[PDB]
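Inspection log for the structure reproduced underneath, given as structure tokens.
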Amino acid sequence: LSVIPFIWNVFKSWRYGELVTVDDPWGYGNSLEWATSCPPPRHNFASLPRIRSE
Amino acid sequence: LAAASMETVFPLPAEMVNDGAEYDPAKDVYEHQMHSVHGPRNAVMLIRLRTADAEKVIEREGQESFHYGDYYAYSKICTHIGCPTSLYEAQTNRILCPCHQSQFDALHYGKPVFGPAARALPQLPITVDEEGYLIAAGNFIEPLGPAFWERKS
Amino acid sequence: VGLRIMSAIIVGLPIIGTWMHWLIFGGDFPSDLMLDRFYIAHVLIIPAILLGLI
Amino acid sequence: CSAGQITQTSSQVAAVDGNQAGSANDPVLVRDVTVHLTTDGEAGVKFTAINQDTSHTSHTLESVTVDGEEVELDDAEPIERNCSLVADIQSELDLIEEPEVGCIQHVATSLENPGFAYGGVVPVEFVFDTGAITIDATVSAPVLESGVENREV
Amino acid sequence: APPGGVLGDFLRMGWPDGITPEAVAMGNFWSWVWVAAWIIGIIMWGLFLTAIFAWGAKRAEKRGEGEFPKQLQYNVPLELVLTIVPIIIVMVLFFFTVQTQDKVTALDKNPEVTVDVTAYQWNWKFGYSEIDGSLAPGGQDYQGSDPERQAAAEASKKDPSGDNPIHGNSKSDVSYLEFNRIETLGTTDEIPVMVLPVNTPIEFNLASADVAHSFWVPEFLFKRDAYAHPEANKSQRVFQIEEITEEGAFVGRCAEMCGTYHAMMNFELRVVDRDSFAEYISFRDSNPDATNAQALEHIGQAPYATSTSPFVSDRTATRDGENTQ
Amino acid sequence: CXXXXXXXXXXXXXXXXXXXX
Amino acid sequence: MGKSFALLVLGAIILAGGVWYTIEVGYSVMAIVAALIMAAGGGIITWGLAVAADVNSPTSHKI
Amino acid sequence: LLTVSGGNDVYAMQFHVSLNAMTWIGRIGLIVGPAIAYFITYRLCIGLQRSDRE
Amino acid sequence: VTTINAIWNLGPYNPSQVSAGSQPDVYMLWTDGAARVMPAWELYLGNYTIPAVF
Amino acid sequence: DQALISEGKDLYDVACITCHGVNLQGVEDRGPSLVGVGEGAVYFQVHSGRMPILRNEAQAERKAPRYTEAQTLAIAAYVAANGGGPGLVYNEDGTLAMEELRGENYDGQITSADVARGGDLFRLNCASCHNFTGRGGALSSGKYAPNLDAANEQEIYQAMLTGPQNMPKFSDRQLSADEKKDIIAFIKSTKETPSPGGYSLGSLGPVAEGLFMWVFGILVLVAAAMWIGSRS
Amino acid sequence: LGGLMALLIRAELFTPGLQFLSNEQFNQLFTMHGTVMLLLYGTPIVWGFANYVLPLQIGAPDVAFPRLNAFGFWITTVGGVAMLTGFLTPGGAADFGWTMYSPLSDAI
Amino acid sequence: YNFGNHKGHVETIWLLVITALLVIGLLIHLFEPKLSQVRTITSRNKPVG
Amino acid sequence: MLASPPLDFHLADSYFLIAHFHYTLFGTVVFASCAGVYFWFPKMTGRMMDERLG
Ligand SMILES: CCCCCCCCCCCCCCCC(=O)O[C@H](COC(=O)CCCCCCC[C@@H](C)CCCCCCCCC)COP(=O)(O)O[C@H]1[C@H](O)[C@H](O)[C@@H](O)[C@@H](O)[C@@H]1O
Ligand code: HEC
Ligand code: HEC
Ligand SMILES: CCCCCCCCCCCCCC(=O)O[C@H](COC(=O)CCCCCCCCCCC)COP(=O)(O)O
Ligand SMILES: CCCCCCCCCCCCCC(=O)O[C@H](COC(=O)CCCCCCCCCCC)COP(=O)(O)O
Ligand SMILES: CCCCCCCCCCCCC
Ligand code: FES
Ligand SMILES: [Ca+2]
Ligand SMILES: [Cu+2]
Ligand SMILES: [Cu+2]
Ligand SMILES: [Mg+2]
């Protein structure tokens, strides 16, 4: 029965559900994928930052 | 005929017989006997049921005396489009038509239980002669083969 | 068996079903003239029409 | 889908001539019961009595009655447990041999041939020391020597 | 040496009390291992809970804490010590593991009775191969193998018509099987009962007619796969026990997927007195035409399995939960 | 819709036997 | 808190119904149906608990 | 579907499917098969149109 | 290089004997497939019959 | 023989006892009674690799044999001791006839006069369930009549002597020895004779000739047209 | 799809006796359940978080072999459809577990 | 399709399921349902604009 | 516990094993997979999933 809320959540929030207006909506994301738009461009990157750590 | 067997039989009248105790290797009956085998509605399948199965048979009204103990004879011509229904299943006791897949129940007076056929297989009355031979005791009650406009009273 | 199927299809027609069968086959199936009507329709009648239409 | 609770393999039967009685919770079983009648007017009964009674009690068979007259048994010993009493006409019993491994007893039978019809069904009745088993059994000719039997014609 | 009473009962988690010294050793090991596992689990879960109740977002707001605290990433020495600790734990555990597993896998227990177990699809068949002269019919060491019944199997090795594909032997070489005089055969409607003595070293010889099965006795706390041609597979087909301490009837199940009626091939062990067993053997030896149930009745036992019942074979029955015979 | 004359009947059992001794 | 307690009570009564219903239908096919009943009851109870534990520590605000 | 079901005896035997199942596939498939075919084909045609415009 | 219509395997036409499948040619299969998937829908009027083939 | 039964029951006491019983009386929903089936029914079921059944379904399958020839005959001997029915057909010596049951008038090859008669017999009774040339056919619900290529002549004889599952039983009174031998002649002649003209597309008929052309034949000609013409 | 099978298994085990399933169709129900969740769910979910995030996490425009990457998805789907076709046969799917223990899983 | 010669209901349960799915689909197609935009803010997400 | 043969004698091919690899499979491939879905959903789709439903 868990499948029921899960499926409804995925289906509903795919079309509706809050728009993300920020690059990194979870706040303190610390990996390169949180340096792009949501969703990312076709080629994943409109720019690259300076990578100095993990 | 052993129990759970099927055999095609044809209307062999008394005067077209050459076999048996009175056989002369001079009489020619082959040409006549070919007429019966080549008749459009002549073929009849004779089934010997197991004694356990013969007690589960439901007969049609008016055709209750048409069997000889364990022998039931049904017309071989399908009641859909007249293909020969000859795929007799020994255990399921269904007769399957090769052409279009109709299953006629052998324990329900040939009533179809699948496919496009709507009417049950006609049954032939049979009995045994004084000499000891299987004979037809009567004619079919109803027209054989596929339906037509002016068929069923 | 194809001819048996075809003949029994025609014979089962609502009104003109048994009268049509006797007109095509020249009687009950099978009949003497049946394979002669089929042969002439096959070597001449249809190919003439076909060639003309083509 | 065809491997459900009702399958077309589990429900199959012995595919021989003549039925049986008793399945699971019955002390005595009879298997493959017919009234054999040789072409040249020699009669008898074929059956096989299995004593599978959990409470070892050693059933013995008193008599067999086909329709009206009894059958000549051959003073068979009582069936103890997981044993078997195979009976047939003597002519068809010389073809097989008594094992020394299990406990199987071969017995010959005979009748008076009152007038049984091939293909007919008759109410065979076994009377043991304790109980009687009544079953309808077909009348059939014994199996032919396989591969030697041509046509007279 | 189980820890205490009710606590010890809890630690078992339904582990049967065990009727064998082997089972006792395994049970003790299991209880202690669970004691340690529970401790470790409690610590790990305790930390997971304190992560909820202690380290929070607006838990750390009353104290004027801001965001981004400590930001530590490498406590080197703690990492090395928290690597070593699991190593020590697993090593000390493995010592006891190898210590315990030696008891069961030993084959030097000097058995006083050997049983030939033969698993087939789908039932069991037991035969008394050797019996010590002590508890023997007359006194001479019982020698249960059939002269001609076994030699007939030994002759199945080569197909008379050319068929020796498997290393110059018949594809259906049933010769690894052992045929005996006193054999209990299990039917679909009669559960095979293997009768054993008490306080005696028993040996079991396992083989399979066709497919892989598994001789599991929950009370033994032990199971072993029986394989067709166990020698070729290089599987030890023999296991021994010191003795059986308890008396009564114990279930046994096939714990290996083997076709359809896998859930329906159960056997029973009837452990009886020494003298009684001897008498049983004497009766069944002098009465080769008798049945196992009759022999069991001879020694005052229940003729049929008490811990198990045969399954009703009818498929479209049992819908109402009546699956026993 | 249903076949007008195809109708099951009520019946139980019968017996037979040959002649000429 | 509003939706919660209602869901808990509805779930509880359904679950009780299911538990009671199992006892009549012994080992039949209907035992499966009664299992579905109690599963639905338990599901509703946990749904109520989940909504209760969300309005306590919410992560999403109504705009 | 008409062609396959006209010859579902040879399909049943060679491909190990129930003949009754084949009959029912033919019966039901003549309603559900065309509908799915239309949906997929329409969407794919518009997809091909879109790729042209890009 | 390929066999078609091996008529020697089949015998002379006999109304009483038949084979498994026994399909017409590929172009005629749709008509034969129509007959298989049509249910038993006979109309029994007063002393008349419309076959299920109609 | 006695040792035959002895060793013949030994194989049966570890293989055929689950879904058959101890006294071959059968089980509720596992298998029938083997009483009266005969020495010829055990041969067909065991040798052809049809027995033992591994799972209940629409129809039991032919597979790899579990037992050899000798073992099969031992099991058959044990079974026939519980009331015997049809037996194996032998020849001049005590050997199982194989190539001798390829026609009534068989000497060293099939007589063309035997295939003619055997053909019409085969067509009358078994052309329906099987194909014209025994290629196989479908049945009611997951069942089918198998292709006849895999069976030897003894298996053919015993197949129509006993009636395996849904096959009817053809006793010697119904189809005589000569008729059965003629049927075998036709079966073994149509199998072992290559097509006079072409690559017989599994002998299935109009359905296989229409797939070779309508799917593969036209594709080659399209490829030729695509080669000569343009893509614009 | 794999869960629908676990529930059917789990429903049958509710009470003693075979209520709606048989041995044959219970055995082929955990074989297919345990398979479609290691090889049709588990592994096919490993390469989805891998195919999405890995190029995004290393700063790549695309994967090395994009056209081969598209083949890995389609072959998995075909394999999944192939293994489930067993249920559309009268006998049923495979009924030997997810491990093909021998000689249980041979011609014989 | 439910009217004819067939004794089995494994095909009835197959017909009714498909019919139910078709009816559900046609009702969705008729009473075209729409949903609202979820006007929420999760964690460090910014409002539209 | 399963890794020690003295303990695995009683536990092999039982429901203790079944319980074990459902804590590890349903552990990793279900809990962490769903975690990954909720985590990366904004990245994959530019929308956020409902917290209450989650
Ligand atoms: C080009 C791609 C082609 C893909 C097509 C794939 C779809 C095929 C689905 C196959 C389902 C088959 C399930 C089998 C079911 C079965 O065998 O049941 C039979 C009755 O068949 C039925 O009704 C099922 C018919 C319903 C099928 C619906 C098919 C519609 C398709 C076209 C649409 C869906 C897929 C769309 C894919 C399109 C791709 C694009 C996305 C009756 O049983 P029976 O032969 O009587 O035997 C038993 C005794 O043996 C035994 O005693 C027992 O006791 C008896 O009860 C009896 O069962
Ligand atoms: C489920 C396990 C099963 C096992 C194991 C089994 N059988 Fe059977 N047997 C059947 C079933 C079911 C049938 C029903 C007919 C069929 O499907 O062929 C059958 C039918 C037969 C027949 C056909 C009898 C007839 O005319 O109806 C013979 C002979 C036979 N079995 C012999 C054997 C022999 C010899 C073995 C030797 C191991 C064996 N069986 C093992 C289940 C089994
Ligand atoms: C259904 C009607 C039916 C008829 C009529 C029929 N068979 Fe069969 N036949 C079957 C079925 C079904 C089987 C499979 C039974 C089994 O293998 O358990 C079969 C099996 C066989 C086998 C074993 C096949 C093999 O590959 O080993 C042979 C040989 C055989 N038939 C030949 C014949 C011969 C010869 C005739 C007639 C002169 C005949 N059959 C008539 C249905 C039929
Ligand atoms: C964080 C780890 C916490 C450690 C808790 C230790 C609790 C186990 C007590 C051991 C009692 C030994 C009794 C005995 O002789 O039984 C024997 C050995 O028992 C064990 O297997 C204990 C293994 C415990 C796991 C190892 C963790 C050790 C951590 C290192 C710190 C010392 C078995 O009895 P038996 O041979 O059957 O007669
Ligand atoms: C437009 C139609 C397209 C089809 C999409 C397919 C998805 C269908 C799934 C339907 C799910 C319903 C949505 C829903 O209710 O979720 C939400 C409520 O939450 C739940 O469903 C939780 C309960 C689930 C488990 C307990 C079940 C107990 C009842 C027993 C049932 C047998 C709907 O509320 P919402 O407006 O989304 O916030
Ligand atoms: C007789 C042909 C009429 C065509 C009707 C088209 C209906 C197909 C729609 C199914 C797909 C849903 C969008
Ligand atoms: S002709 Fe017999 S069903 Fe069509
Ligand atoms: Ca249950
Ligand atoms: Cu087992
Ligand atoms: Cu097992
Ligand atoms: Mg294991």
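Residues are named by chain letter and number: chains run A, B, ... in the order of the structure tokens, numbers start at 1 in each chain, and ligands are numbered from 1 in the order shown.
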
Task: Picked from range 126-309 of chain E by DSSP as helix (DSSP H, G or I), as a ChimeraX atom specification - done: /E:147-157,260-264,274-286,292-298

Restricting the output to N, CA, C and O atoms, write the selected residues as a short mmCIF file (atom, residue, chain, number, x, y, z; two decimals), in the first residue's frame.
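Okay, part_6.cif is ready:
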```cif
data_model
loop_
_atom_site.label_atom_id
_atom_site.label_comp_id
_atom_site.auth_asym_id
_atom_site.auth_seq_id
_atom_site.Cartn_x
_atom_site.Cartn_y
_atom_site.Cartn_z
N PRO E 147 22.65 -58.86 -1.19
CA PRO E 147 23.54 -59.48 -2.16
C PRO E 147 23.19 -59.20 -3.62
O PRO E 147 23.98 -58.58 -4.33
N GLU E 148 21.99 -59.61 -4.06
CA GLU E 148 21.66 -59.54 -5.48
C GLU E 148 20.95 -58.23 -5.84
O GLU E 148 20.97 -57.83 -7.00
N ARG E 149 20.32 -57.59 -4.85
CA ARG E 149 19.58 -56.36 -5.08
C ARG E 149 20.54 -55.18 -5.26
O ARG E 149 20.21 -54.22 -5.95
N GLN E 150 21.71 -55.25 -4.63
CA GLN E 150 22.73 -54.22 -4.76
C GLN E 150 23.58 -54.49 -6.00
O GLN E 150 23.92 -53.55 -6.73
N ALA E 151 23.93 -55.76 -6.23
CA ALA E 151 24.74 -56.17 -7.37
C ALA E 151 24.01 -55.90 -8.69
O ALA E 151 24.65 -55.81 -9.73
N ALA E 152 22.67 -55.77 -8.63
CA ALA E 152 21.89 -55.39 -9.80
C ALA E 152 22.06 -53.90 -10.10
O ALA E 152 22.03 -53.50 -11.26
N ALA E 153 22.24 -53.10 -9.04
CA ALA E 153 22.51 -51.67 -9.19
C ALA E 153 23.94 -51.46 -9.68
O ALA E 153 24.17 -50.61 -10.54
N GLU E 154 24.88 -52.25 -9.16
CA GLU E 154 26.29 -52.19 -9.53
C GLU E 154 26.46 -52.53 -11.02
O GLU E 154 27.45 -52.15 -11.63
N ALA E 155 25.47 -53.24 -11.58
CA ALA E 155 25.50 -53.67 -12.97
C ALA E 155 24.82 -52.66 -13.90
O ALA E 155 24.84 -52.84 -15.11
N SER E 156 24.24 -51.60 -13.32
CA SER E 156 23.60 -50.54 -14.08
C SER E 156 24.62 -49.52 -14.57
O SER E 156 24.25 -48.51 -15.16
N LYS E 157 25.91 -49.80 -14.32
CA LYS E 157 26.99 -48.86 -14.52
C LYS E 157 27.25 -48.64 -16.01
O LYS E 157 27.57 -47.53 -16.42
N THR E 260 8.13 -29.77 -7.57
CA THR E 260 6.85 -29.25 -7.16
C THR E 260 6.54 -29.63 -5.71
O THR E 260 6.37 -28.75 -4.87
N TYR E 261 6.45 -30.93 -5.44
CA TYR E 261 6.04 -31.40 -4.13
C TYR E 261 7.22 -31.34 -3.16
O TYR E 261 7.49 -32.31 -2.46
N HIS E 262 7.88 -30.18 -3.12
CA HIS E 262 9.04 -29.96 -2.28
C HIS E 262 8.62 -29.76 -0.82
O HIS E 262 9.32 -30.19 0.10
N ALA E 263 7.47 -29.11 -0.62
CA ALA E 263 6.95 -28.78 0.70
C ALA E 263 6.23 -29.97 1.33
O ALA E 263 5.63 -29.83 2.39
N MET E 264 6.32 -31.15 0.69
CA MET E 264 5.41 -32.24 1.01
C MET E 264 6.14 -33.57 1.16
O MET E 264 5.52 -34.63 1.07
N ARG E 274 17.33 -48.30 23.96
CA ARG E 274 18.36 -49.14 23.37
C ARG E 274 17.81 -50.55 23.15
O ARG E 274 17.68 -50.98 22.00
N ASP E 275 17.47 -51.22 24.25
CA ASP E 275 16.94 -52.58 24.25
C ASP E 275 15.76 -52.67 23.27
O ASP E 275 15.73 -53.56 22.43
N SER E 276 14.84 -51.71 23.40
CA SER E 276 13.65 -51.64 22.56
C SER E 276 14.05 -51.65 21.08
O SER E 276 13.53 -52.45 20.32
N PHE E 277 15.00 -50.78 20.71
CA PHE E 277 15.46 -50.70 19.34
C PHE E 277 16.00 -52.05 18.88
O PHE E 277 15.67 -52.50 17.78
N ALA E 278 16.82 -52.68 19.73
CA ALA E 278 17.39 -53.98 19.41
C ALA E 278 16.26 -54.96 19.08
O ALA E 278 16.30 -55.62 18.04
N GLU E 279 15.23 -54.99 19.94
CA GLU E 279 14.08 -55.86 19.77
C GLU E 279 13.40 -55.57 18.44
O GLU E 279 13.08 -56.49 17.70
N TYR E 280 13.21 -54.27 18.14
CA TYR E 280 12.63 -53.82 16.89
C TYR E 280 13.39 -54.45 15.72
O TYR E 280 12.77 -55.06 14.84
N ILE E 281 14.72 -54.31 15.74
CA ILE E 281 15.58 -54.81 14.68
C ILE E 281 15.42 -56.32 14.56
O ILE E 281 15.33 -56.83 13.44
N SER E 282 15.34 -57.01 15.70
CA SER E 282 15.19 -58.46 15.71
C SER E 282 13.88 -58.86 15.03
O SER E 282 13.88 -59.77 14.20
N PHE E 283 12.80 -58.15 15.36
CA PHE E 283 11.48 -58.47 14.84
C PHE E 283 11.44 -58.26 13.33
O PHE E 283 10.94 -59.12 12.60
N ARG E 284 11.97 -57.12 12.87
CA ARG E 284 11.90 -56.78 11.46
C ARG E 284 12.89 -57.61 10.64
O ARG E 284 12.71 -57.76 9.44
N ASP E 285 13.93 -58.14 11.30
CA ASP E 285 14.90 -58.99 10.63
C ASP E 285 14.33 -60.39 10.41
O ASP E 285 14.55 -60.98 9.36
N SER E 286 13.61 -60.90 11.42
CA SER E 286 13.06 -62.25 11.36
C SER E 286 11.71 -62.28 10.65
O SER E 286 11.17 -63.36 10.40
N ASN E 292 6.64 -51.57 8.60
CA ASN E 292 7.25 -50.71 9.60
C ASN E 292 6.28 -50.41 10.73
O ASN E 292 6.69 -50.38 11.89
N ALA E 293 5.00 -50.20 10.39
CA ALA E 293 3.97 -49.90 11.37
C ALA E 293 3.78 -51.07 12.33
O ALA E 293 3.66 -50.86 13.53
N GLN E 294 3.79 -52.29 11.79
CA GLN E 294 3.64 -53.50 12.58
C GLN E 294 4.82 -53.66 13.54
O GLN E 294 4.63 -54.01 14.70
N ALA E 295 6.03 -53.36 13.04
CA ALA E 295 7.24 -53.43 13.85
C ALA E 295 7.19 -52.41 14.98
O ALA E 295 7.57 -52.73 16.11
N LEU E 296 6.69 -51.20 14.68
CA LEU E 296 6.55 -50.15 15.67
C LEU E 296 5.55 -50.57 16.74
O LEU E 296 5.79 -50.34 17.92
N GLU E 297 4.44 -51.21 16.32
CA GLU E 297 3.43 -51.71 17.23
C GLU E 297 4.01 -52.81 18.12
O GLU E 297 3.58 -52.97 19.26
N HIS E 298 5.00 -53.55 17.60
CA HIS E 298 5.60 -54.67 18.31
C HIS E 298 6.32 -54.21 19.58
O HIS E 298 6.38 -54.95 20.55
#
```

Under the rule of at most 12 Å, produce a per-residue listing of chain F near chain L: chain, number, name, the closest pair of atoms, and the distance in Å, as JSON lines, using only C-alpha atoms.
```
{"residue": "F:1", "atom": "CA", "partner": "L:4", "partner_atom": "CA", "distance": 9.4}
{"residue": "F:2", "atom": "CA", "partner": "L:4", "partner_atom": "CA", "distance": 9.5}
{"residue": "F:3", "atom": "CA", "partner": "L:5", "partner_atom": "CA", "distance": 11.7}
```

Taking only C-alpha atoms into account, what are the residues of chain F at most 8 Å from chain D, put as a PDB file with N, CA and C atoms, in the first residue's frame?
```pdb
ATOM      1  N   UNK F  15     -29.803 -51.153 -18.920  1.00  0.00           N
ATOM      2  CA  UNK F  15     -29.025 -52.381 -18.980  1.00  0.00           C
ATOM      3  C   UNK F  15     -29.236 -53.072 -20.327  1.00  0.00           C
ATOM      4  N   UNK F  16     -28.270 -53.926 -20.695  1.00  0.00           N
ATOM      5  CA  UNK F  16     -28.352 -54.734 -21.905  1.00  0.00           C
ATOM      6  C   UNK F  16     -27.626 -56.069 -21.727  1.00  0.00           C
ATOM      7  N   UNK F  17     -27.936 -57.003 -22.633  1.00  0.00           N
ATOM      8  CA  UNK F  17     -27.394 -58.355 -22.658  1.00  0.00           C
ATOM      9  C   UNK F  17     -27.649 -58.962 -24.036  1.00  0.00           C
ATOM     10  N   UNK F  18     -26.740 -59.847 -24.469  1.00  0.00           N
ATOM     11  CA  UNK F  18     -26.831 -60.513 -25.759  1.00  0.00           C
ATOM     12  C   UNK F  18     -27.774 -61.707 -25.656  1.00  0.00           C
ATOM     13  N   UNK F  19     -28.028 -62.333 -26.813  1.00  0.00           N
ATOM     14  CA  UNK F  19     -28.899 -63.492 -26.926  1.00  0.00           C
ATOM     15  C   UNK F  19     -28.117 -64.687 -27.474  1.00  0.00           C
ATOM     16  N   UNK F  20     -28.850 -65.655 -28.041  1.00  0.00           N
ATOM     17  CA  UNK F  20     -28.315 -66.901 -28.578  1.00  0.00           C
ATOM     18  C   UNK F  20     -27.337 -67.547 -27.590  1.00  0.00           C
ATOM     19  N   UNK F  21     -27.846 -67.738 -26.363  1.00  0.00           N
ATOM     20  CA  UNK F  21     -27.148 -68.316 -25.221  1.00  0.00           C
ATOM     21  C   UNK F  21     -25.810 -67.596 -24.997  1.00  0.00           C
TER      22      UNK F  21
END
```

TODO: List all protein, DNA and RNA residues that have at least one atom no more than 8 Å from any atom of ligand 2, counting only C-alpha atoms and all ligand atoms, and write them as a ChimeraX atom specification.
DONE: /D:8-16 /E:121-122 /J:11-12,14-20,29-34,37-38,41-46,50-56,59-60,72,75-76,79,162-165

Take the residues that were just selected and, keeping C-alpha atoms, output them as a short mmCIF file (atom, residue, chain, number, x, y, z; two decimals), in the first residue's frame.
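Saved result, result36.cif, follows:
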```cif
data_model
loop_
_atom_site.label_atom_id
_atom_site.label_comp_id
_atom_site.auth_asym_id
_atom_site.auth_seq_id
_atom_site.Cartn_x
_atom_site.Cartn_y
_atom_site.Cartn_z
CA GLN D 8 -5.39 -31.68 -17.50
CA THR D 9 -2.75 -34.15 -16.26
CA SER D 10 -3.59 -34.69 -12.58
CA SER D 11 -7.22 -35.59 -13.36
CA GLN D 12 -6.29 -38.23 -15.97
CA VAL D 13 -7.34 -41.85 -15.52
CA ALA D 14 -5.80 -45.26 -16.20
CA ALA D 15 -6.66 -45.28 -19.95
CA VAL D 16 -7.51 -49.00 -19.78
CA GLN E 121 11.24 -36.93 -5.78
CA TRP E 122 9.39 -36.64 -3.60
CA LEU J 11 14.08 -48.59 -10.00
CA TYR J 12 10.32 -48.13 -9.51
CA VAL J 14 12.78 -44.76 -5.95
CA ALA J 15 11.20 -43.08 -8.99
CA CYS J 16 7.56 -44.15 -9.58
CA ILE J 17 6.03 -44.29 -6.07
CA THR J 18 5.19 -40.63 -5.35
CA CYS J 19 2.49 -39.97 -7.96
CA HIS J 20 1.58 -43.66 -8.40
CA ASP J 29 -4.53 -35.84 -7.96
CA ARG J 30 -1.04 -37.13 -8.78
CA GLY J 31 -1.44 -39.93 -11.35
CA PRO J 32 -3.67 -42.92 -12.36
CA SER J 33 -3.37 -46.61 -11.50
CA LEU J 34 -0.70 -48.46 -13.49
CA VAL J 37 -1.60 -50.59 -18.61
CA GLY J 38 0.71 -53.34 -19.88
CA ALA J 41 2.65 -48.60 -22.07
CA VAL J 42 5.60 -48.49 -19.68
CA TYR J 43 8.02 -48.81 -22.60
CA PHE J 44 6.44 -45.88 -24.46
CA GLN J 45 6.25 -43.58 -21.42
CA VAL J 46 9.69 -44.31 -19.94
CA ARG J 50 7.89 -38.84 -21.10
CA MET J 51 7.97 -40.27 -17.55
CA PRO J 52 8.45 -39.27 -14.84
CA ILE J 53 6.21 -36.16 -14.70
CA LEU J 54 7.99 -33.20 -13.14
CA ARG J 55 5.04 -30.78 -12.87
CA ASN J 56 1.28 -30.86 -13.54
CA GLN J 59 0.16 -31.89 -21.16
CA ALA J 60 3.28 -33.90 -20.30
CA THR J 72 12.94 -49.47 -18.98
CA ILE J 75 10.29 -51.45 -14.89
CA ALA J 76 7.92 -52.70 -17.61
CA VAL J 79 4.48 -53.26 -13.92
CA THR J 162 -2.08 -47.63 -25.61
CA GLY J 163 -3.24 -44.02 -26.09
CA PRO J 164 -0.82 -41.74 -24.12
CA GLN J 165 -2.93 -38.81 -22.86
#
```

- [ ] Enumerate as number ranges by chain the residues within 12 Å of ligand 6, counting only C-alpha atoms and all ligand atoms.
- [x] H: 30-43; L: 22, 25-26, 28-30

TODO: Collect all residues with atoms no farther than 6 Å from ligand 3, counting only C-alpha atoms and all ligand atoms, and output them as a PyMOL selection string.
DONE: (chain B and resi 87-89) or (chain J and resi 60+122+125-126+129+144-148+150-151+155-156+159-160+164-167)

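A distance search around ligand 8 (10 Å at most, only C-alpha atoms and all ligand atoms) returns the following protein and nucleic acid residues: residues 318, 319, 320, 321 and 323 of chain E; 27, 28, 29, 31 and 32 of chain G; 9, 10, 11, 12, 13, 14, 15, 16, 17, 18, 19, 20, 21 and 22 of chain K.
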
TODO: Find the spatial neighbours of residue 2 in chain M, counting only C-alpha atoms, within a cut-off of 12 Å - ignore same-chain residues fewer than 5 positions away - and output them as a VMD selection string.
DONE: (chain E and resid 30 33 97) or (chain M and resid 7 to 14 16 to 21)

Please produce a file of the residues just selected, as a PDB file, in the first residue's frame, where the atoms kept are C-alpha atoms.
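In the end it all went to selection_24.pdb:
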```pdb
ATOM      1  CA  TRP E  30      24.257 -18.871  18.934  1.00  0.00           C
ATOM      2  CA  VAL E  33      26.768 -14.426  19.466  1.00  0.00           C
ATOM      3  CA  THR E  97      33.408 -20.473  14.827  1.00  0.00           C
TER       4      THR E  97
ATOM      5  CA  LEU M   7      25.282 -21.250  12.834  1.00  0.00           C
ATOM      6  CA  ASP M   8      24.511 -21.599   9.106  1.00  0.00           C
ATOM      7  CA  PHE M   9      23.771 -25.332   9.444  1.00  0.00           C
ATOM      8  CA  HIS M  10      20.391 -24.552  10.999  1.00  0.00           C
ATOM      9  CA  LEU M  11      19.805 -21.254   9.164  1.00  0.00           C
ATOM     10  CA  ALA M  12      20.563 -22.197   5.545  1.00  0.00           C
ATOM     11  CA  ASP M  13      17.555 -22.477   3.209  1.00  0.00           C
ATOM     12  CA  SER M  14      15.182 -21.298   5.941  1.00  0.00           C
ATOM     13  CA  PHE M  16      15.805 -16.749   8.729  1.00  0.00           C
ATOM     14  CA  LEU M  17      17.748 -16.366   5.486  1.00  0.00           C
ATOM     15  CA  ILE M  18      14.654 -14.892   3.786  1.00  0.00           C
ATOM     16  CA  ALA M  19      14.353 -12.352   6.624  1.00  0.00           C
ATOM     17  CA  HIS M  20      18.074 -11.512   6.346  1.00  0.00           C
ATOM     18  CA  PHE M  21      18.294 -10.608   2.662  1.00  0.00           C
TER      19      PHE M  21
END
```
